[PDB]
Each structure stands twice: as structure tokens, then as C-alpha cells.
């Protein structure tokens, strides 16, 4: 039987978790009960898997599929049947997957690079125009950048987050729809439908982005284009799935570089050697290999999307001993503990060492899952890593980052993980 922490009659296992800190709570219980355990709530049971062998076993696509059972079922209210919140067997999933997969390749990022630079320059100019001793809020400015980059690169819409003191009506409306996990959802649907209507009427200009892609390219298997409602769901899906996770990545990367001076010094080395022009080029961004290893290490230590869920396709066993009823038990992957599995990663799991990714043969894959698994893995992986590398390189090109308050990490979790109350100061170089 699957290990279980305790039980308190009607209360299940909930007396052992902080409802506001689910991932961290599960980390604690994992430290107590090992690579697999089950948590009983008032209504259901969750199986939390964290050992790399069991995680790899549950990652077998023949036996397990993506589950949308809990948080994602709430996100579904406004994300609908988009890539993030649709079941694999639903038709629009593989339709949109085939349609949009080439646009998210690394070669396709060559097409988005300019727009990414646009928003990056905005961030840099903001920080350069600060008055002496003004503080910057790393998560909020990173979120400004990530939301604007996704809007511009994806459907050529400028949120202009850097022209606002309070985050955009869309992002607070989205936070209200998520803190539910109707007014707001309808306003979101209409804004997206407005951009879609602007594009379908007089769609002359070669915008060459995600919306034009969904309007032009059909699914080669079915021969069909995505319908309008699903395109709306896809645009909302890109916004939610991209901006928060990628801004969390940027914030954690800035934190780790501030707390590990050697890695920052090496990053300065690489950026100065590569970033010679005022604005980076796509080729130059790819040359920033050490920065991308810094990002890989940051995602290992604090995966901004800390979990994904699976369901069993037919009755089976894990580890040779733990049974799973078919399609009834929701398996949650505890990505931080998986990323701290010493048998797969070694002993220095808590150290910030980008050099773990120095040699692409040595990285223990299937114990490194910051972007999900298999066919339901993150379609925006290359988008996110390219954008994050660009922003980090540019910030290091222009700025000296100062830990003026001696920041003490506090991992806040909403739907994603991020540093809470993270403020620094900046100087020009």
C-alpha cells in the first residue's frame, strides 16, 4: 500500500498542510515519507511521486496520460480546451498541437527575437531612468516584461505594462479569475475576440505570429483549422501559461546570481565577451551558454511550475509494489524534490551550480522535469528560455544588481512559484 502520513477522522491529512503553501507542504511531507506518498483530503486522495525512478515510470506515455483534475480544472473555466487545459483525447488538443508546434521551435524564435528585444529594451530603459536609490521590484517588473513579450510576439498586442503603475486590467482580472481557484472571464474573452476580429477583418499585414498561424495553417491530419472559440482559448492559454512561469524564472535567476557571486562573475565574463552591440542578436543570445545553464539550474532548484498531474490509463503497479486503479487516482509529480533526488543528481543538490549542465551527456534526464513530460510537455520551452536568456544578458550588459536589503528568500506560491517581496537596487556599469 502507498505510504500515508496520518489521518484525523473527517479531516483526512489536511491538518499536515498549509493550504496556502501546497508545494512547500508536500516537500516537507516528502522529506518525512520518501519518494511516494498519498494525501487524503475531505473529498479525494492525491498520490505524490518524487523519486526519479518512480517519476520516470509514471512518465511512461503508454501507461499514464496528463491529468487536468484539480487546479487545471479550475483554470479550464477561461482556458477552455486549449493546449494547457484540454485532455489529450480531445480533438482540439492534437489539432492545435500540430498547428502550433513549428512556431515554437528554436528556429522559430528567430522570428520572435525582435519583438522580445522591444520589450526587453523597455525594461532596461525603465531601470536606467530610475532615480538614485530607487528600489526595483523584481517579480513585478519581470511580470511586466513577460506579459508584454507574450502579447506582442504572440498576437501583436501591446499591453504597455511599463506605462502603468498598476498591472494591466487583463493581469489583475486574470489573478481574480485564478484566485477563484465570471465578469472577469467574459471581459477576457471579449478582449481576445476583439484582437481576433481586428485580425480577421482586414488581415492584410504579414504579422507572422501565433494568431496569424492559427488563422492560416490547418491541421495536416484532419485538414482543419482551429475554430474561433478555440483560438480565443489558445490566446488566453498562452498568456496564462507563459507570463507567470517565465517571470518566476527570471526572478529566481536574479536571486541566485545575487546570492552566488562566482556564478555572477562568470555570467559577466560571458556577457561582456558576447554582447558587444547595443542590442543582442539571436545568434549572440544563443552564444550565452553559461546564462542558459544558470537558467537550467534555477529551474532545477525552484521550478516555477512545481507540479504536473497524471492519470493511469489501465490498472497497474509502480515500483513493482504500489497499485494504481485505472483513471481514478491523480498522481502529482513533486518537481522540486525530484530535482533534489540525490541518487540522480549527487550530494550537492542544494548548491547553486550552473556547471551541472556544462556537459549535456551528464544531465540526469527524467529526473529533470521543469517543462513537463513527453507530448504534454511545455510547448513554450524554447520561447521561455530564449526570452529569459535575452533579458538576463541585457540586464547584465547594462546593470550592476545590488542586494541592498540582504534579501531572505520566501517562496510564494499562487499557481506558480516565485520569490515574494524581492526588491533590489541597480547601478549602471
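Residue numbers count along the first chain shown, from 1.
Peer 1: Please count the deposited residues lying between residue 181 and residue 182 that the model leaves without coordinates, and give the class: none, 1 to 3, 4 to 9, or 10 or more.
Peer 2: Gap between residue 181 and residue 182: 10 or more unmodelled residues.
Peer 1: Determine, for stretches 205-213 and 117-125, which one has the higher mean CA B-factor as deposited.
Peer 2: For C-alpha atoms only, the mean B-factor is higher in 205-213.
Peer 1: Looking only at CA atoms, which has the higher mean B factor in the entry: 243-251 or 312-320?
Peer 2: Going by the record's values, the stretch with the higher mean is 312-320.
Peer 1: Choose from 40, 373, 67, 382 the residue with the greatest Cα B-factor as stated in the PDB record.
Peer 2: So the option with the highest C-alpha B-factor is 40.
Peer 1: According to the deposited entry, which of 227, 165, 297, 148 has the largest Cα B-factor?
Peer 2: Answer for 227, 165, 297, 148: 165, with the highest C-alpha B-factor.
Peer 1: Please rank the C-alpha B-factors of the chain's modelled residues and tell me whether residue 169 sits in the lowest, middle or highest third.
Peer 2: Its C-alpha B-factor belongs to the highest third of this chain's values.
Peer 1: If you rank the chain by CA B-factor, which third does residue 143 end up in: lowest, middle or highest?
Peer 2: Tercile = lowest for this residue's CA B-factor.
Peer 1: Per the entry's values, where does residue 404 land by CA temperature factor relative to the rest of its chain, in the lowest, middle or highest third?
Peer 2: For residue 404, the deposited C-alpha B-factor lands in the middle third.
Peer 1: Considering every modelled residue of the chain and its Cα B-factor in the PDB entry, is residue 82 in the lowest, middle or highest third?
Peer 2: Bottom third by C-alpha B-factor.
Peer 1: If you rank every modelled residue in this chain by C-alpha B factor, which third holds residue 50: lowest, middle or highest?
Peer 2: Ranked within chain, residue 50 CA B lands in the middle tercile.
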